[PDB]
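Chains as they are written, first to last, in our numbering: chain A, 1 to 318; chain B, 1001 to 1176; chain C, 2001 to 2115; chain D, 3001 to 3094; chain E, 4001 to 4070; chain F, 5001 to 5154; chain G, 6001 to 6360; chain H, 7001 to 7096.
Here the structure is laid out as C-alpha cells; the discussion comes afterwards.
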Amino acid sequence: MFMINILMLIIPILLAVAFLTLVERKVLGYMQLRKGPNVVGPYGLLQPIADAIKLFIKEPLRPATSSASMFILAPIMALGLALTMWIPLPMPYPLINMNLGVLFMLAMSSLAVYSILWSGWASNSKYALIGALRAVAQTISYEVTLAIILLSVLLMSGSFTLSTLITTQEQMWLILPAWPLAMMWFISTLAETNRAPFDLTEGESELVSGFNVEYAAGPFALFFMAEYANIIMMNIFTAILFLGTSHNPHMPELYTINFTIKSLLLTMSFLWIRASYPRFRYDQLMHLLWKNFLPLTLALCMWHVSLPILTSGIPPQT
Amino acid sequence: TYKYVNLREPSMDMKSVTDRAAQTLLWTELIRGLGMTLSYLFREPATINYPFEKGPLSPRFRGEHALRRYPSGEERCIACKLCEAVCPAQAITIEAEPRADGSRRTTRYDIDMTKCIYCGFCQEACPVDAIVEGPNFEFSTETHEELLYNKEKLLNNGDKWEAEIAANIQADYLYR
Amino acid sequence: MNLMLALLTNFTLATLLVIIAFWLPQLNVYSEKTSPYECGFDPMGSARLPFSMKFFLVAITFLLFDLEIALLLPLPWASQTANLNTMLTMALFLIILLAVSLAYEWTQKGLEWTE
Amino acid sequence: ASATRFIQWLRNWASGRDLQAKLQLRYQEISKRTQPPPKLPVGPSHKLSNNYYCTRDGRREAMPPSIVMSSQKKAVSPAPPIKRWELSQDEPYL
Amino acid sequence: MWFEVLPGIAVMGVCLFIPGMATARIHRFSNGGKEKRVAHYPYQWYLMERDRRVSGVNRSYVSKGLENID
Amino acid sequence: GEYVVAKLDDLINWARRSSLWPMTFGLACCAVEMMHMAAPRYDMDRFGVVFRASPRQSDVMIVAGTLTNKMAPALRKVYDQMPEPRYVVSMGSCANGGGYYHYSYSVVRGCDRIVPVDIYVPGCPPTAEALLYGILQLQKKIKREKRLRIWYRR
Amino acid sequence: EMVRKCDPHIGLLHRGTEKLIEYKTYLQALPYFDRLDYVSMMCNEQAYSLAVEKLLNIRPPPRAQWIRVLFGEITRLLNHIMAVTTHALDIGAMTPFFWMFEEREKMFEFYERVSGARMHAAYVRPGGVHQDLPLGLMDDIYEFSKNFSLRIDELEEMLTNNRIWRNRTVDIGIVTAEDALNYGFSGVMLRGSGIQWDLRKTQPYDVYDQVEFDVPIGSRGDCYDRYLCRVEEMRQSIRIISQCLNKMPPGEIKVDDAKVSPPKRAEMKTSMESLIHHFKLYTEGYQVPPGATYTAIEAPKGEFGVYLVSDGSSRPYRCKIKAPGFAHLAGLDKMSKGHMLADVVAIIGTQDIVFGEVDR
Amino acid sequence: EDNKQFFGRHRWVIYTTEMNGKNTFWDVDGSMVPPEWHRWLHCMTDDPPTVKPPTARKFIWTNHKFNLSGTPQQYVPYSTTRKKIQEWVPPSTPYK
Ligand SMILES: CCCCCCCCCCCCCCCCCC(=O)OC[C@H](COP(=O)([O-])OCC[N+](C)(C)C)OC(=O)CCCCCCCCCCCCCCCCC
Ligand SMILES: CCCCCCCCCCCCCCCCCC(=O)OC[C@H](COP(=O)(O)OCCN)OC(=O)CCCCCCCCCCCCCCCCC
Ligand SMILES: CCCCCCCCCCCCO[C@@H]1O[C@H](CO)[C@@H](O[C@H]2O[C@H](CO)[C@@H](O)[C@H](O)[C@H]2O)[C@H](O)[C@H]1O
Ligand SMILES: CCCCCCCCCCCCO[C@@H]1O[C@H](CO)[C@@H](O[C@H]2O[C@H](CO)[C@@H](O)[C@H](O)[C@H]2O)[C@H](O)[C@H]1O
Ligand code: SF4
Ligand code: SF4
Ligand code: SF4
C-alpha cells in the first residue's frame, strides 16, 4: 500500500507537468493577444501527449566530444531529484513525514543544481559550458538569502517540520506578519527555478539553449519535465509557507482543494511574470540578491529572532 | 524643432522622495506592468481560424500567374515578348511562330516560378491582358520541378481561375 | 525503509525513461550529426579551455557566508532555552558580524566583478 | 466587442485606460470591400494645344557638369552655416 | 477567448488534487480508518511500539480499551 | 499484424505532425513573413508549431531567404545536427531556386543543392498565410508516412 | 562573459545586388531596393526614385509626393515596431512583439491594397507611384492611426519605466557625439548622442518641408536614449500621417511625361504615340542623361543613399548603395568595449541592423 | 458570415467532407475553395457569388480541382516546342 502511494504521487505529477506546459502556452498566448494550442485535441488538450510521444520517438544524440557517463547521468538526476522534492509535502499528509523536511528540500535543491553543471560540462560545447557557469553564479546569488529567509519564517513556526507550518497558520496566513519575507522568498523561487526574468542558464536569446543545447529527444524531455515539476513544487512550498490552509482531520479533502487552488494560482503567476518582464543580466541578479535582499534578510532575521522574545510569542518545539 | 526624450531632473521633496522609495521597495511600477498583460489576457485574441477563415486581400493581389483568353476562347497572348523583356528575374521564356492559320502565337511560354519575384511587371507590360497574376497563393508543391510552369500549365490556370481573375480586373482596371 | 523505497522508485523511473528513449527511436548516426554545436560553424578551440571567473571573490565569500546558516539554523531550537538573555545577545552578535563582513566587502569593492 | 460589462471593467482597471474606445480589432468602421469605380484625373500635359513636347522635356534640359577649375578675395564655405534648431512648443520635454 | 484556457487548468488542477487525496485515503485504509500515527520524537515511537505489543496482533493501530481491563 | 502497425503509424505520425518544432533559422526577407506567421493573426503556436533555437530540439528547418555560398556550409551543418526524423521547408523564390539573385556569383541556386526539401512554398515572399499553407501541407505529408507498414512487410 | 573583441563577419547574405543592377534597366532594378532593408521597403524605393528623378531632371506630381511621404511614414512605423520589439525580444521581453506585430499586420494590408503585395510593393517609382490609392483606403488609414498611439502607450507601460528594462539599456553602448560622426553613424545613432540632425529637416525631399514634426534628441548616447528616440519617432510619424491624410491633393500620380512614366492602359490601347512609348518603356526603358548623383533620405534606420552613375543608356553603369547599417555595424566592436555577452546582444539591437542592406 | 465578429473572422467556410473523390472529413485545405467563392472568402469583394455570379465562359472549368501536388495528377514540366534540327536518314538499300 506504500508502493501504490508512491505511484499515486509521481504519476499525477508527470500529468500535472504535462498539462502545465499546455496551460503556459495558452496563458502566454492570450496575454500576447493570440490563442495558443487549440487544434491538437479540443482546446489543445491533446497537445502535451503529442509533444511527449514525439520527443521519445525522436533520435537521441550523443555528441562526439561529450563525456558519456555524465551526459546520461545528468538528466536522470534532474528528474529523480525533482520528484524527490515532493515526498515531504503535507497535502495535508506527507508521503514521508520528516522532522527536518525544510532542510531536506534545501539539500535536495542544492543537489539538483549539479544536474545542470554536469549536463553543461559533459556536453563539451561552449554554449553548454557558458550556461553551466551561469548556474554556478545563480546558486551563489540566491542560496544564502533563501536559507535565511526560511529561517526567519520558521522562527514563528518553531519547527523544521513542514506539517507544523499548517498548525502555525491555523488562525491566519503567515503572509500577514511576513509579507516583506514573502516578497523576497517569491523572487528567490524564480531564481531558484531558473524562471524568467532569471532564466539565465538556458537564456535562449543569448545562449541558443544554454546548458542543454546538446540534448535531444528523451534526454531533453527529462530536463524539461524536471523544470516544470520544480515550478509546481516550489509554488506548493510557497503556499504552505505563507498561505496556510486550515486542515480538518475528518475532511482532509477540503484541505487538498483549497491548497491546490492556491498552488495553481501561484504557478499561474509564474507564467504571468514570464510574459511581463525582460531578462536580467546575470551579474545584475547577483547584485540584486547580495546588495538588496541580503542586507534586508539579515536585518529581518534579527527582527524575527527578537520579536517572539520581546512579545513573548515563542512557539513550541512541537 | 526638436524635443528631449530624457532630460528631466526629479524633484527632491520628501513626498516625492518617499514616493520613489515606495516604488523601489514595493515594486509598484513592476506591478503596474503586470496590470497591462492581465488586461490583454481578457481581450479577444486577434487569431483567425485558418484555413476555415482567410486573411483579407484586395483585387490588386499578386499571386499565381495565368494566361487568359478572349470570350471566344482565343488566347490573348500574341507573342509580343514585352513581358519577357521587362521581367526583372528573367523568369519568362517564350518561343513563337505563325500558327496553322497564320496567327501570331507562342509555342513556348515558361515561367520559372522559383525565379519569379511576383512583382507584377509582366501584367503591366502586357498590352492585351494575356499574362496576369491571379489571386491564388496556395499552390506550394512537394518538388522543385512542379514550380517550372510551361504554357499548358499556365493556360490551365487561366481556365481554372478566370471567373475570379475577370472580376478582380473589372474592379481595378480603372486605376490602371 | 519508506524513504529508501521512495528514492529508488524515483531514480528507477528516471532511468527507465532514459533507457526507453535510447532504444525505442530509430537511429542514424554519422560524424556531422554528432559534431559539437556552435551556430553552424566549427568550434574554434576546445570547450575544455579555461573559462575565467569574474565573480571569483564573491564565490569564496559564499563559502564563508554559506556556513553562517549552519550556525544560525539552530536558532528556532535555541529560542526554547531558559537562558534567553545570553541567547539573544549571541544570536544578534553573529548576525551583526555577518552584516559587518558583508559591509566590509561591499565598501572595499569585493562584490564588483573583475573586468 | 462582445466582452461583458464586468470583463470590460476588469481590463479597463488593469490597463488603466478606456480600452473600449480604441479597440485593436476592426469591426464595421472599416471601408466596404466593394467600392464604386473611380474616375481618375489626367495630368497637366493632357492638352490639345500649346503643348509641344519640346517645351516640357526635362531630360533634354539636363546639361553636362560645369568645369569650375581644370588643370588640363574673401573666404567662403560650401553654404551658409546651418541655423540652430529651436525647441518644440508642442512638447519640449518628453 | 480567455476561458478556453480553463479546460487545461482544470485538468492540471485535478492531477494535483490526486496525490493529496490518495495519501489521506491510503493512510486511513492501512491504519484502521484513522490518521497515521506521527512519531517525531522517541517518546511517541515508544508508545507506538507499546501499542503493537498490547494489540496482540502485532499492529500499533489496533486499539484496546476498557474491555481489556479485567 | 497489419492492423497493429497500421494504427501505430497513425499514432507516431499524429504525434510528429502535431508537435512540429522549426529551428529558429531565418535568412532574409522571407523570415519577416515567418515572424508574421508566429504573430497573433495566424498564431502558428496554436497548431503545435513552436520555434526552438537549438538544432537538437528542432524537427523542421524552414529555409527562409537567400542562401549564399558563404552561408551554405553553415546551413548544411545545422541541418545535419537535427535529429531524425527531420524535414526541410523551402520558403520563397531565393530558397526555391535562387530567385532574383539566381544569376549571382555568390548565391546557391536553390537550397535543394544543399539539403533535401520536403515542401516548396512559392512567392517573393510567400504571404504568412501561404507559409501556413506549406506547413499544413507538410503535416499532411507526415500523415501519409508508412514507416511501420513498410517495416512489417520487409 | 566579458567581451574582449567583436569581429563581425558579414557577407553571409551578400547577393551581388550591385553587380546585378548593372544588367537591368532602371525600372527592372527598382525591386532590388525593396529587398535591401526589407523592413523599410517603400523608403528604399523612394531613395532610388529620387536619384533617378534627379538624373532625369523631372519632377513627380504633387499628389505622388504626398503619397510618398504618407507611405514613407507608414513604412517608418513598420521599421520601428520591428526595431523596438525585436530589440525587446532579444533582451527577454517577448510580449510586446505580439501586440505590435498585429499592427504591422494591418499596415501590410495598406501595402497590399495599393500595390497587391504585403512587403515588396515596388510601388514608389521614378516619376511618381505606380497606381493611385484605391477608393476608401484613406479612411482605413485614418481608422488605424486613430488608435495607434494607444498601442505605443501599452508598449511604454511595459518598458519605459521598467527597472529591469532600464538596467539592460541605461549606460549600455554609450557613444560620444564626435565618435558617432567620425565613425559614419547616422539617424538615431547620431540623435541619441545629442547631435541635432535629421535629413527630413535639413535636406528635405518630396513634401517634407510642408509637414510639422519634432526630432527626438537624446542626452546620454546609450541604448535607453536610442530606445526612447525611436518610440518618440513613432509618435511623430503618426503626427505626420495625420497631416498627409488631411492635405492630400487631387491630381495625377506619375509625371505627365510618357518618355519616362508609362501611359494609362486605356490610352496605350487607343493612341499610336502611347502604344509606342509603352512598348519602348517596357523593353528598352527610358535613357538617363550621363551623370552621377549621391542621393540620400532619412530612412528609418539612418541615412540611406545611392551613388548612381549613368552612362547615357537605359541601364545604370554603377549603383553603389549606402546602407546606414553598414557603418553602424562596423562600430559594434567600438561600442561594446567593456561590456558583457548579454550587453552585446542589446547593442546589436540598438543599432537596428538588417543584413539585406548591410551585405547587399 | 457574422458581421458582429471582428474583420477577419466575420466570414468562414466549413469544407465539404468529400471533394472530387477524396475523403476530406479530416483533410481540408484552402485550395478546396472554388474561385467564385475564393473572391468572397478573402474579402476581395462584398457580394457572394449567390448574388453576383461570375461571367460564364465555355472554357472555364466546370469542376474545381484542389492542390494536386504529391498525387498521380501532379503537374510534370516538359518542353512544348518541337524538334529543331532534323537528322539525315540514310537510304534503306545497299549501294557501296
Ligand atoms: C512520458 C513518456 C512518453 C513515452 C512515449 C513512448 C512512445 C509511445 C508510443 C510508441 C509507439 C511505437 C513507436 C515506434 C517508433 C519506432 C521508431 C521508428 O519509427 O523506426 C522505424 C522502424 C522501421 O525501420 P525499417 O526497418 O523500416 O528501416 C530502417 C533502415 N532504414 C533507415 C535504412 C530505412 O521501426 C522498427 O524498426 C520497429 C518498429 C517497432 C514498433 C514497436 C516498438 C518496439 C520497439 C522495441 C525496441 C527494442 C528495444 C526495447 C526498447 C524499449 C521499448 C519500450
Ligand atoms: C514594527 C517594525 C517592523 C519592522 C519590519 C518592517 C519592514 C517593512 C519594510 C520592509 C521593506 C519592504 C520591501 C521588502 C521587499 C524587498 C524590497 C526590495 O528588495 O526592492 C529592491 C529591489 C532592487 O530594486 P533596484 O531599484 O533595482 O535596486 C536599488 C537601486 N540601487 O527590487 C527588486 O527586488 C526587483 C525585483 C525584480 C523581479 C520582480 C519580478 C516579480 C515582480 C512581481 C511580484 C509581486 C510580488 C509578489 C509577492 C508574492 C508573495 C507570495
Ligand atoms: C560588534 C559586536 C556587536 C554586539 C551586539 C550585541 C547586541 C545585543 C543587544 C542585547 C540583546 C538582548 O537584550 C536583552 O534581552 C533580554 C531578553 O532575552 C532582556 O531580559 C529581559 O527578558 C528576560 C527573559 O526574556 C528576563 O529574564 C529578564 O528579566 C528581562 O530583563 C534584556 O532586558 C535585554 O537587554
Ligand atoms: C544588521 C543587518 C542590516 C545592516 C546592513 C548590513 C549591510 C550594509 C551594507 C553596506 C552599506 C554601506 O556600504 C556601501 O558601500 C558602497 C561603496 O562601494 C556605497 O556606494 C556604492 O553603492 C552603490 C551600489 O553599489 C553604488 O551605486 C554606488 O555608486 C557606490 O558608491 C554604498 O552606498 C554603501 O551602501
Ligand atoms: S511577376 Fe515579375 S518576376 Fe514574376 S514573371 Fe512577372 S515580371 Fe517576371
Ligand atoms: S503574355 Fe502579353 S506581354 Fe507576354 S508575350 Fe504574350 S501578349 Fe506579349
Ligand atoms: S524570396 Fe523574395 S522576400 Fe524571400 S528573401 Fe528572396 S527576395 Fe526576399
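Think of the CB as a built atom: it goes at the ideal place given N, C-alpha and C, for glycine as much as any other residue.
#1: As a quick exercise: from 239(A), 223(A), 307(A), pick the residue whose alpha carbon is nearest that of residue 2017(C).
#2: With respect to the alpha helix (DSSP H) encompassing residue 6278(G), which residues constitute its N-terminal and C-terminal limits?
#3: Out of 209(A), 186(A), 178(A), which has the shortest C-alpha to C-alpha gap to residue 134(A)?
#4: Report back the beta-carbon spacing between residue 7048(H) and residue 7040(H) to the nearest angstrom; my notes put them in contact at under 8 Å.
#5: Quick one: which unbroken beta strand (DSSP E) runs of 3-plus residues sit fully inside the stretch 1096-1175 of chain B? Chain order, please.
#6: Roughly how many angstroms lie between the CA atoms of residue 273(A) and residue 180(A), to the nearest whole one?
#7: Note down the Cα distance separating residue 7086(H) from residue 1118(B), rounded to an integer number of angstroms.
#8: Along chain H, in chain order, which residues have C-beta atoms closer than 8 Å to that of residue 5136(F)?
#9: Return the CA-CA distance between residue 6248(G) and residue 6066(G), expressed in angstroms with no decimal places.
#10: Within a Cβ cutoff of 7 Å, which residues of the same chain sit near residue 154(A), ignoring the five residues on either side of it in sequence?
#11: Drop a sphere of 10 angstroms on the beta-carbon of residue 109(A), count the other beta-carbons inside from all chains shown, and report buried for 16 or more, exposed for fewer.
#12: For the stretch 3004-3030 of chain D, list every residue whose C-beta sits within 7 Å of some C-beta in chain H, in sequence order.
#13: Give me the Cα-Cα distance between residue 5012(F) and residue 4035(E), rounded to the nearest whole angstrom.
#14: Count Cβ pairs between the stretch 6162-6170 of chain G and the stretch 6125-6132 of chain G that sit closer than 8 Å; are there 3 or more?
#15: For the candidate residues 211(A), 165(A), 183(A), whose alpha-carbon lies nearest to that of residue 227(A)?
#16: Can you find a C-beta in chain B that's less than 8 Å from the C-beta of residue 4021(E)?
#17: Can you determine whether any heavy atom of ligand 6 sits closer than 7 Å to the C-beta of residue 1087(B), and answer yes or no?
#18: Could you please give me the residues that DSSP links to residue 6302(G) through a beta bridge?
#19: Regarding residue 2106(C) and ligand 4, is the C-beta to nearest heavy atom distance less than 7 Å?
#20: With three or more beta-carbon pairs closer than 8 Å as the criterion, would you say the stretch 5062-5073 of chain F touches the stretch 6013-6021 of chain G?
#21: Any residue with its Cβ nearer than 6 Å to a heavy atom of ligand 3 should be included. What is that list in chain order?
#22: Tell me, please, which residues DSSP counts as bridged to residue 1075(B).
#23: Taking the alpha-carbon positions, what's the residue 47(A) to residue 4059(E) distance?
#24: Round the Cβ separation of residue 6060(G) and residue 6053(G) to the nearest angstrom and send it over; I've been treating them as touching at under 8 Å.
#25: Does the distance between the C-beta of residue 1123(B) and the nearest non-hydrogen atom of ligand 1 fall short of 7 Å?
#26: Alpha helix (DSSP H) containing residue 6106(G): first to last residue?
#27: Of the residues 2032(C), 2022(C), 2050(C), 2056(C), which one's Cα is nearest the Cα of residue 2115(C)?
#28: Is it true that the stretch 6013-6032 of chain G meets the stretch 6214-6228 of chain G, where meeting means three or more beta-carbon pairs spaced less than 8 Å apart?
#29: For the stretch 2040-2054 of chain C, list every residue whose C-beta sits within 9 Å of some C-beta in chain F, in sequence order.
#30: Going by other Cβ atoms of all chains shown within 10 Å of its Cβ, with 16 needed for buried, is residue 6331(G) buried or exposed?
#31: Applying the 10 Å Cβ sphere with the 16-neighbour rule, what's the burial state of residue 6035(G)?
#32: When you compare the CB positions of residue 3059(D) and residue 6056(G), do they come within less than 8 Å of one another, or not?
#33: Just the C-alpha distance for residue 6100(G) and residue 6112(G), rounded to the nearest angstrom, thanks.
#34: Is any heavy atom in ligand 2 found nearer than 7 Å to the beta carbon of residue 292(A)?
#35: Evaluate residue 3084(D) with the Cβ neighbour count: other Cβ atoms within 10 Å of its Cβ, from every protein chain shown; 16 or more gives buried, anything less gives exposed.
#36: Quick one: Cα of residue 112(A) to Cα of residue 5046(F), how far?
The answer reads as follows:
#1: 223(A)
#2: 6272-6281
#3: 209(A)
#4: 5 Å
#5: 1104-1112, 1131-1133
#6: 19 Å
#7: 38 Å
#8: 7029
#9: 6 Å
#10: 102, 160
#11: buried
#12: 3025, 3026, 3027, 3028, 3030
#13: 46 Å
#14: no
#15: 211(A)
#16: no
#17: no
#18: 6299(G)
#19: yes
#20: yes
#21: 309(A), 2084(C), 2085(C), 2088(C), 2089(C), 2092(C), 2093(C), 2096(C)
#22: 1069(B)
#23: 48 Å
#24: 6 Å
#25: no
#26: 6095-6115
#27: 2056(C)
#28: no
#29: 2040, 2041, 2042
#30: buried
#31: buried
#32: yes
#33: 19 Å
#34: yes
#35: exposed
#36: 33 Å
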